[PDB]
Amino acid sequence: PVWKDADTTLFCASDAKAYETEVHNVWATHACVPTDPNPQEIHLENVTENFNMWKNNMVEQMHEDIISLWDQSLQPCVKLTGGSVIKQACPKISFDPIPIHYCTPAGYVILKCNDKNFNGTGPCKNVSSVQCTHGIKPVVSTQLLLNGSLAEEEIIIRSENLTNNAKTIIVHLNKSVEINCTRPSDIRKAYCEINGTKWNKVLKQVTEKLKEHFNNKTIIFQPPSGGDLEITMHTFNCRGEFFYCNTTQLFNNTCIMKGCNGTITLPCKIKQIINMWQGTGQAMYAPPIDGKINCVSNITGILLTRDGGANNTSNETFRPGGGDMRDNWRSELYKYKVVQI
Ligand SMILES: COC(=O)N1CCC[C@H](C(=O)Nc2ccc(Cl)c(F)c2)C1
Ligand SMILES: *[C@@H]1O[C@H](CO)[C@@H](O)[C@H](O)[C@H]1NC(C)=O
Ligand SMILES: *[C@@H]1O[C@H](CO)[C@@H](O)[C@H](O)[C@H]1NC(C)=O
Ligand SMILES: *[C@@H]1O[C@H](CO)[C@@H](O)[C@H](O)[C@H]1NC(C)=O
Ligand SMILES: *[C@@H]1O[C@H](CO)[C@@H](O)[C@H](O)[C@H]1NC(C)=O
Ligand SMILES: *[C@@H]1O[C@H](CO)[C@@H](O)[C@H](O)[C@H]1NC(C)=O
Ligand SMILES: *[C@@H]1O[C@H](CO)[C@@H](O)[C@H](O)[C@H]1NC(C)=O
Ligand SMILES: *[C@@H]1O[C@H](CO)[C@@H](O)[C@H](O)[C@H]1NC(C)=O
Ligand SMILES: *[C@@H]1O[C@H](CO)[C@@H](O)[C@H](O)[C@H]1NC(C)=O
Ligand SMILES: *[C@@H]1O[C@H](CO)[C@@H](O)[C@H](O)[C@H]1NC(C)=O
Ligand SMILES: *[C@@H]1O[C@H](CO)[C@@H](O)[C@H](O)[C@H]1NC(C)=O
Ligand SMILES: *[C@@H]1O[C@H](CO)[C@@H](O)[C@H](O)[C@H]1NC(C)=O
């Protein structure tokens, strides 16, 4: 059919409800068009196409969208940016992500890799074309990727360069793991419950898959090596509240029989004052709503950074990472790319 690699401005589509006060719905109601009522995916016969999830302008575009959404939607009591501050009103909002589709304009199409074990870079042999991506939830989080899609076959390790330890690793799970987080009815104290059995089994498999890529070496997990709390903790937004959860128990190493196939309870705190993931500085929000604040989510992936300086050692050490939300969008946009017809 003839196409070439190209960049261009996308638009978005949604099933947002015009009658909803939820912020993602409000934003998508006025910034996206309705979802394609009859989506058509066209398989491309005997077509091999190179992809590179690490060099994908769709990622930067979605990133700019979600920045826009959060800036219009979240109302901090005070926000400190660029040697300045502005104080406002900060009402509690309705907050629950909805899927967003990304669609090409005229003269362009989206190619979709359906190779089940595709790692994000290189050739894809089973390629289709679509007018829009599937609906992607823009879930902001560190350490754990939440409410995403799953790898269809095996656990996938995605990295721009595994030998470069400064390059973030995205682990794509093939089996979701529930994380159930609650502030019951100290108002800022909360906790997350994870099935230890389910989690440790998944984690043992992740270690095995990491061993395949690192010449059979010993794989050890460690807590983050300092930084801001947003990256030292699993950080996410739950119904408008910013949860900071300690994941030391998640990355034990011991449980990979010692009394650890029960429930894992991670200590959390709701924080009013955060370091924004947009990079702009510090923001302060209002105290949490009264009553039971609950969010149950699927762990669909893991963000990891590997220690340096272990070349002459027998081990490789991995720590939960994150903070660059582009990697969150990357973990869902990896199989898409825009081409010009
Ligand atoms: C990594 O380098 C940076 O520029 N950062 C500055 C310090 C951490 C910040 C961050 O990740 N904040 C955040 C806020 C809210 C949520 Cl719900 C979240 F999941 C992450 C990113
Ligand atoms: C991804 O697959 C390509 C082969 O097409 C290979 O060059 C690259 O090392 C792989 N990356 C990872 C992280 O497995
Ligand atoms: C090609 O990908 C399609 C679309 O996901 C999928 O049904 C299947 O795995 C592949 N089909 C063939 C004939 O290989
Ligand atoms: C979590 O995963 C299960 C199956 O793995 C799925 O049925 C459920 O809808 C998922 N929840 C969300 C919020 O995606
Ligand atoms: C997930 O992938 C691993 C290999 O990485 C495999 O051993 C396991 O059976 C897979 N699980 C499912 C449910 O497909
Ligand atoms: C990957 O990183 C290593 C170490 O930083 C570097 O020597 C190598 O050239 C990199 N590979 C590519 C393809 O950039
Ligand atoms: C989540 O945890 C809360 C508090 O522990 C509990 O009331 C609720 O039943 C749990 N929900 C699920 C879906 O497991
Ligand atoms: C963990 O998953 C097992 C299945 O392996 C299930 O029977 C049980 O409900 C779960 N236990 C906890 C404590 O979540
Ligand atoms: C890693 O060790 C396994 C046995 O545990 C072996 O089958 C495999 O050949 C080794 N890795 C590679 C890349 O050969
Ligand atoms: C997480 O909890 C452990 C104890 O389980 C504690 O030593 C550590 O300081 C906590 N992490 C942070 C960032 O406070
Ligand atoms: C898991 O986490 C902590 C280590 O700080 C501890 O409660 C426990 O002994 C560890 N290992 C096992 C097998 O439970
Ligand atoms: C994940 O999805 C569930 C169901 O859609 C929702 O209740 C939960 O709040 C979501 N988690 C996050 C962190 O958005």
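Numbers 0 to 340, taken from the numbering used here, label the letters of the sequence shown in order. Just so you know, even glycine gets a beta-carbon here, dropped at the ideal spot from N, CA and C.
Three-state secondary structure (DSSP) of residue i
{"i": "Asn146", "result": "coil"}
{"i": "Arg329", "result": "helix"}
{"i": "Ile154", "result": "coil"}
{"i": "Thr196", "result": "helix"}
{"i": "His233", "result": "strand"}
{"i": "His23", "result": "helix"}
{"i": "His42", "result": "strand"}
{"i": "residue 341", "result": "The shown model of the chain, from 0 to 340, leaves out residue 341, and the question about it has no answer."}
{"i": "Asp64", "result": "helix"}
{"i": "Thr279", "result": "coil"}
{"i": "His212", "result": "helix"}
Assigned exposure category for residue i - 16 Cβ within 10 Å defines buried
{"i": "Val25", "result": "buried"}
{"i": "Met61", "result": "buried"}
{"i": "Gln221", "result": "exposed"}
{"i": "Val58", "result": "buried"}
{"i": "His29", "result": "exposed"}
{"i": "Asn236", "result": "buried"}
{"i": "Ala105", "result": "exposed"}
Heavy atom of ligand 4 within 8 Å of residue i beta-carbon
{"i": "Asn179", "result": "no"}
Any non-hydrogen atom of ligand 7 closer than 8 Å to residue i Cβ
{"i": "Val295", "result": "yes"}
{"i": "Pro183", "result": "yes"}
{"i": "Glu153", "result": "no"}
Cut-off 6 Å between Cβ atoms - residues of its own chain near residue i, not counting five sequence neighbours on either side
{"i": "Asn164", "result": "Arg305 and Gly307"}
{"i": "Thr312", "result": "none"}
{"i": "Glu21", "result": "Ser93 and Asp95"}
Residue of the options minimising C-alpha distance to residue i
{"i": "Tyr284", "options": "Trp53, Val295, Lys291 and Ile269", "result": "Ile269"}
{"i": "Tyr243", "options": "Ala189, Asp6, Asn179 and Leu172", "result": "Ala189"}
{"i": "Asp35", "options": "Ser224, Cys11, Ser140 and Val84", "result": "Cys11"}
{"i": "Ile193", "options": "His42, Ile155 and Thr262", "result": "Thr262"}
{"i": "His171", "options": "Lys115, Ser128 and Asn214", "result": "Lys115"}
{"i": "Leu73", "options": "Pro266, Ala88 and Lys174", "result": "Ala88"}
Contact test: residue i Cβ vs ligand 9 heavy atom, cutoff 8 Å
{"i": "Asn252", "result": "no"}
{"i": "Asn118", "result": "no"}
Nonlocal neighbours in the same chain, by C-beta distance under 8 Å from residue i, ignoring five residues either side
{"i": "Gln277", "result": "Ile66, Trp69 and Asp70"}
{"i": "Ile85", "result": "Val77 and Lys78"}
{"i": "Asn55", "result": "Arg329, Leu332, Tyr333, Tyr335 and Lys336"}
{"i": "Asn314", "result": "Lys216, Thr217, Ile218 and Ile219"}
Any non-hydrogen atom of ligand 12 closer than 8 Å to residue i Cβ
{"i": "residue 342", "result": "Lying before the first or after the last residue shown, residue 342 is absent from the chain, which here runs from 0 to 340."}
Any non-hydrogen atom of ligand 2 closer than 8 Å to residue i Cβ
{"i": "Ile156", "result": "yes"}
{"i": "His212", "result": "yes"}
{"i": "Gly300", "result": "no"}
Cβ-heavy atom distance, residue i to ligand 8, below 8 Å
{"i": "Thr262", "result": "yes"}
Same chain, Cβ closer than 7 Å to residue i, five either side skipped, listed in chain order
{"i": "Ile255", "result": "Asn199, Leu202, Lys203 and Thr206"}
{"i": "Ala17", "result": "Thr28"}
{"i": "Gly239", "result": "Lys91, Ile92 and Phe94"}
Check: residue i C-beta below 8 Å from any heavy atom of ligand 10
{"i": "residue 343", "result": "No answer is possible for residue 343: the residues shown for the chain start at 0 and end at 340."}
Chain D contact for residue i (CB, 9 Å cutoff)
{"i": "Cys267", "result": "Within the model displayed, chain D is absent; a lone protein chain is all it includes."}
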